[PDB]
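S.K.: You'll find input30.pdb just under this line, and it carries PDB, C-alpha atoms.
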```pdb
MODEL        1
ATOM      1  CA  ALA A 307      -6.915  -9.519  36.133  1.00  0.00           C
ATOM      2  CA  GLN A 308      -8.659 -12.591  37.626  1.00  0.00           C
ATOM      3  CA  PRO A 309      -6.798 -15.861  37.027  1.00  0.00           C
ATOM      4  CA  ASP A 310      -9.545 -16.808  34.491  1.00  0.00           C
ATOM      5  CA  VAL A 311      -8.803 -13.581  32.507  1.00  0.00           C
ATOM      6  CA  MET A 312      -5.007 -14.046  33.075  1.00  0.00           C
ATOM      7  CA  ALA A 313      -5.179 -17.394  31.167  1.00  0.00           C
ATOM      8  CA  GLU A 314      -7.419 -15.712  28.495  1.00  0.00           C
ATOM      9  CA  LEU A 315      -4.978 -12.708  28.150  1.00  0.00           C
ATOM     10  CA  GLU A 316      -2.078 -15.227  28.018  1.00  0.00           C
ATOM     11  CA  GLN A 317      -3.565 -16.852  24.818  1.00  0.00           C
ATOM     12  CA  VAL A 318      -4.393 -13.402  23.315  1.00  0.00           C
ATOM     13  CA  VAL A 319      -0.755 -12.303  23.909  1.00  0.00           C
ATOM     14  CA  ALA A 320       0.738 -15.552  22.506  1.00  0.00           C
ATOM     15  CA  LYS A 321      -1.385 -15.197  19.313  1.00  0.00           C
ATOM     16  CA  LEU A 322      -0.702 -11.413  19.118  1.00  0.00           C
ATOM     17  CA  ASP A 323       3.100 -11.754  19.602  1.00  0.00           C
ATOM     18  CA  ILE A 324       3.463 -14.184  16.633  1.00  0.00           C
ATOM     19  CA  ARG A 325       6.768 -13.550  14.765  1.00  0.00           C
ATOM     20  CA  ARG A 326       5.573 -11.116  12.036  1.00  0.00           C
ATOM     21  CA  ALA A 327       6.827 -12.296   8.626  1.00  0.00           C
ATOM     22  CA  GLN A 328       9.068 -10.043   6.473  1.00  0.00           C
ATOM     23  CA  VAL A 329       8.512  -9.086   2.813  1.00  0.00           C
ATOM     24  CA  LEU A 330      11.175  -8.201   0.229  1.00  0.00           C
ATOM     25  CA  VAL A 331       9.454  -5.920  -2.329  1.00  0.00           C
ATOM     26  CA  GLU A 332      11.268  -5.251  -5.639  1.00  0.00           C
ATOM     27  CA  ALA A 333       9.631  -2.684  -7.940  1.00  0.00           C
ATOM     28  CA  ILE A 334      10.791  -2.420 -11.568  1.00  0.00           C
ATOM     29  CA  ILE A 335      10.148   0.896 -13.361  1.00  0.00           C
ATOM     30  CA  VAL A 336      11.076   0.709 -17.051  1.00  0.00           C
ATOM     31  CA  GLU A 337      10.489   3.680 -19.342  1.00  0.00           C
ATOM     32  CA  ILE A 338      11.532   4.094 -22.983  1.00  0.00           C
ATOM     33  CA  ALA A 339      11.290   7.366 -24.964  1.00  0.00           C
ATOM     34  CA  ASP A 340      12.308   8.711 -28.422  1.00  0.00           C
ATOM     35  CA  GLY A 341      10.767  10.472 -31.416  1.00  0.00           C
ATOM     36  CA  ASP A 342      11.682  12.118 -34.719  1.00  0.00           C
ATOM     37  CA  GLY A 343      11.338  15.761 -35.686  1.00  0.00           C
ATOM     38  CA  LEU A 344      11.929  16.659 -39.355  1.00  0.00           C
ATOM     39  CA  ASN A 345      12.056  20.233 -40.700  1.00  0.00           C
ATOM     40  CA  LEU A 346      12.769  20.522 -44.421  1.00  0.00           C
ATOM     41  CA  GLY A 347      11.687  23.627 -46.337  1.00  0.00           C
ATOM     42  CA  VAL A 348      12.837  25.413 -49.481  1.00  0.00           C
ATOM     43  CA  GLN A 349      12.740  29.192 -50.126  1.00  0.00           C
ATOM     44  CA  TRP A 350      13.280  30.839 -53.573  1.00  0.00           C
ATOM     45  CA  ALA A 351      13.905  34.641 -53.748  1.00  0.00           C
ATOM     46  CA  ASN A 352      14.284  36.462 -57.130  1.00  0.00           C
ATOM     47  CA  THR A 353      15.005  40.203 -57.478  1.00  0.00           C
ATOM     48  CA  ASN A 354      13.072  40.391 -60.826  1.00  0.00           C
ATOM     49  CA  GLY A 355      10.109  38.034 -60.129  1.00  0.00           C
ATOM     50  CA  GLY A 356       9.519  37.688 -56.339  1.00  0.00           C
ATOM     51  CA  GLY A 357      10.392  35.704 -53.154  1.00  0.00           C
ATOM     52  CA  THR A 358       8.800  32.987 -50.886  1.00  0.00           C
TER      53      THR A 358
ATOM     54  CA  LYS B 255      -7.544  -1.545  11.743  1.00  0.00           C
ATOM     55  CA  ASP B 256     -10.204  -1.121   8.993  1.00  0.00           C
ATOM     56  CA  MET B 257     -12.067  -4.320  10.096  1.00  0.00           C
ATOM     57  CA  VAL B 258     -12.303  -3.036  13.722  1.00  0.00           C
ATOM     58  CA  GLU B 259     -14.562  -0.147  12.556  1.00  0.00           C
ATOM     59  CA  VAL B 260     -16.711  -2.571  10.506  1.00  0.00           C
ATOM     60  CA  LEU B 261     -17.134  -4.987  13.425  1.00  0.00           C
ATOM     61  CA  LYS B 262     -17.690  -2.104  15.925  1.00  0.00           C
ATOM     62  CA  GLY B 263     -21.093  -1.583  14.260  1.00  0.00           C
ATOM     63  CA  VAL B 264     -21.974  -5.287  14.756  1.00  0.00           C
ATOM     64  CA  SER B 265     -20.871  -5.110  18.438  1.00  0.00           C
ATOM     65  CA  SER B 266     -22.542  -1.661  18.846  1.00  0.00           C
ATOM     66  CA  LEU B 292     -18.638  -6.847  22.718  1.00  0.00           C
ATOM     67  CA  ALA B 293     -15.140  -5.339  22.764  1.00  0.00           C
ATOM     68  CA  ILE B 294     -12.616  -5.082  19.881  1.00  0.00           C
ATOM     69  CA  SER B 295      -9.109  -3.774  19.088  1.00  0.00           C
ATOM     70  CA  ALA B 296      -6.818  -4.386  16.108  1.00  0.00           C
ATOM     71  CA  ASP B 297      -3.025  -4.739  16.538  1.00  0.00           C
ATOM     72  CA  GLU B 298      -1.474  -2.631  13.757  1.00  0.00           C
ATOM     73  CA  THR B 299       1.714  -4.793  13.869  1.00  0.00           C
ATOM     74  CA  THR B 300       0.561  -8.453  13.441  1.00  0.00           C
ATOM     75  CA  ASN B 301      -2.577  -7.053  11.665  1.00  0.00           C
ATOM     76  CA  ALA B 302      -4.771  -9.236  13.922  1.00  0.00           C
ATOM     77  CA  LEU B 303      -8.208  -8.511  15.485  1.00  0.00           C
ATOM     78  CA  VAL B 304      -8.664  -9.150  19.253  1.00  0.00           C
ATOM     79  CA  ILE B 305     -12.416  -9.424  20.059  1.00  0.00           C
ATOM     80  CA  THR B 306     -13.965 -10.535  23.412  1.00  0.00           C
TER      81      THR B 306
ENDMDL
END
```
Spell out the structure here as structure tokens.
M.R.:
Amino acid sequence: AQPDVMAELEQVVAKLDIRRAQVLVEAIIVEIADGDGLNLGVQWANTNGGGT
Amino acid sequence: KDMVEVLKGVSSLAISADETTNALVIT
């Protein structure tokens, strides 16, 4: 380009070529799970009377 | 990249966005 644009492109480049900063990204996924089933049940069977 | 589209309306002046340094070059 023209020397006037060359000097303009030279500033654009210098700004655009800036050392891009780095990022360390730690994620922390914590899950906790449990629960209580309970099955208690009573059955009575009698020949004479009847059963449940 | 997203800002380029926004500004393109305002212009529509000559724009591009550098995906790397995430900078906008307008003239």
S.K.: I'd like the neighbourhood of residue 257 of chain B as an MDAnalysis selection string, where a residue qualifies if any of its atoms comes within 12 Å (using all atoms listed in the file), though same-chain residues fewer than 6 positions away should be ignored.
M.R.: chainID B and resid 263:264 294:298 301:305
S.K.: Suppose a student applies the PyMOL selection byres ((chain A) within 12 of (chain B)) to this structure; what residues should they get, written as number ranges by chain?
M.R.: A: 311, 314-315, 317-328
S.K.: How far is it from atom CA of residue 316 of chain A to atom CA of residue 329 of chain A, in Å with one decimal?
M.R.: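 Straight-line distance from atom CA of residue 316 of chain A to atom CA of residue 329 of chain A works out to 28.0 Å.
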S.K.: Around all the atoms of segment 337-355 of chain A listed in the file, with 3 Å of room on each side, what axis-aligned box do you get, giving centre and edge lengths in Å to one decimal, as JSON?
M.R.:
```
{"center_x": 12.6, "center_y": 22.0, "center_z": -40.1, "size_x": 10.9, "size_y": 42.7, "size_z": 47.5}
```
S.K.: Just give me the gap between atom CA of residue 345 of chain A and atom CA of residue 357 of chain A in Å, one decimal is fine.
M.R.: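 Taking atom CA of residue 345 of chain A and atom CA of residue 357 of chain A, their separation equals 19.9 Å.
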S.K.: Could you check how far atom CA of residue 358 of chain A sits from atom CA of residue 343 of chain A, in Å to one decimal?
M.R.: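 Atom CA of residue 343 of chain A lies 23.1 Å from atom CA of residue 358 of chain A.
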